[PDB]
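Chemist: Task: produce atomic coordinates for the following.
(one chain, ligands or ions: 1)
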Amino acid sequence: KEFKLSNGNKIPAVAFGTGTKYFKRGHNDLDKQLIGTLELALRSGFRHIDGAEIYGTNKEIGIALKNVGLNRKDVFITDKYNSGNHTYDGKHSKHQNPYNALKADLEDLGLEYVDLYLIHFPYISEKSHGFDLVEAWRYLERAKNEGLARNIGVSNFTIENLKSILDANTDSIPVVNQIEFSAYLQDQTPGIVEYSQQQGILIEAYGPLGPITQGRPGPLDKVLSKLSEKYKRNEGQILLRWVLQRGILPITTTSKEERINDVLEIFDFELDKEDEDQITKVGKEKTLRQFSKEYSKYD
Ligand SMILES: NC(=O)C1=CN([C@@H]2O[C@H](COP(=O)(O)OP(=O)(O)OC[C@H]3O[C@@H](n4cnc5c(N)ncnc54)[C@H](OP(=O)(O)O)[C@@H]3O)[C@@H](O)[C@H]2O)C=CC1
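Modeler: Numbers count the residues shown, from 1 in each chain. Let me share the structure:
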């Protein structure tokens, strides 16, 4: 039920997300349904919630955590610095740097620390932020040494984006690179999963159900239909299990109770190597990219 990070710290192997579906669009009101669903998820056995400054859902996470009252050490919380989009237009975190942003978010969360803190997107430059990408990492390093983030990482980084940090003289290296990853998207940017895995950086996969949520009709429908019958598992479940068997941590979300339990049952079964391999092969027949579409030139 968990992965082990580079530094030996454990991370629960499925996460409940609070972006996409729940991402606030021109309001800051509490999302009461979300808080409800977070409670249900935690009480059902989720122990890893994926959040971000830009989502506007960090308050909800903190309320749900307080209402459930799990031991703090048993829960794994991710937050992310709103670094901005690929235009470097300056539309990003309202705080002066990632360290001050994480501090403000911790107040929204009602927590002493997050378990993982990420640079959300790799578009940081002095002209747009007052600091460059490696100094943003340095802020993350201050947060880590201070105790404000147990682990630090990145998101939506290419290999060259990773090299900016690894090649600098730094205290530590990212332990996670959270990217879009699904059977229809096996490499968000070229060689990223393979390069990261070889360096010991854990890949977390968001948008893992793309094939099913936005990818129908496509070449996986026939394959998933057959394995659903054979495993007595639904297609969402097969896809997520398959992500796990690639050594990747899937991040999903839902507003439906029955799906909370579907997701948590991905650890009660195994796909035969041959069936895993057919998903990976047939996956490659179609390309589906839902996020970070500046990367679409690679498709
Ligand atoms: N770092 C980054 O740039 C990004 C990070 N993320 C993180 O990852 C999280 C998850 O991403 P998302 O893309 O939503 O994840 P998924 O790929 O897992 O899609 C989840 C969606 O699938 C639906 N769903 C679940 N099961 C089925 C089913 N079998 N058939 C059809 N639909 C189904 C859910 O709808 P329903 O509610 O109706 O069940 C939900 O809306 C985000 O909330 C966010 O926290 C996401 C995007 C970018």
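Chemist: How about the contacts made by the closest residue to the ligand within the chain?
Modeler: Per CB to the nearest ligand atom, residue 17 is where the chain lies closest to the ligand, at 2.5 Å. Where you see a C-beta, it was placed from the backbone N, CA and C, and this is true even at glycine. Applying CB atoms under 8 Å, 6 or more residues apart in numbering, one finds that residue 17 lies in contact with 49, 50, 206, 251, 252, 253.
Chemist: list the contacts for the third one?
Modeler: Applying CB under 8 Å, 6+ apart, we find residue 206 in contact with 17, 20, 50, 178, 179, 180, 181, 251, 291.
Chemist: cool, the first one as well?
Modeler: When contacts are counted by CB under 8 Å, 6+ apart, residue 49 is found next to 15, 16, 17, 18, 38, 41, 42, 61, 75, 76, 77, 78.
Chemist: wait, which of these is closest to residue 110?
Modeler: Using CB to CB, residue 61 comes nearest to residue 110 of the contacts of residue 49, at 9.1 Å.
Chemist: Now do the buried residues in whichever strand or helix holds that closest one.
Modeler: Assigned by DSSP states H and E, residue 61 belongs to helix 58-68. Within helix 58-68, the residues that count as buried by 16 or more other CB atoms under 10 Å are 58, 59, 60, 61, 62, 63, 64, 65.
Chemist: One more: stretch 283-299?
Modeler: Those would be 283, 288, 289, 290, 292, 295, for stretch 283-299 by 16+ other CB under 10 Å.
Chemist: Is it positioned near the ligand?
Modeler: Yes: on the criterion CB under 6 Å from any ligand atom, stretch 283-299 is in touch with the ligand at residue 291.
Chemist: Can you name the residues in contact with that stretch?
Modeler: By CB under 8 Å, 6+ apart, stretch 283-299 touches 86, 121, 156, 180, 182-190, 206-207, 210-211, 214-215, 218-220.
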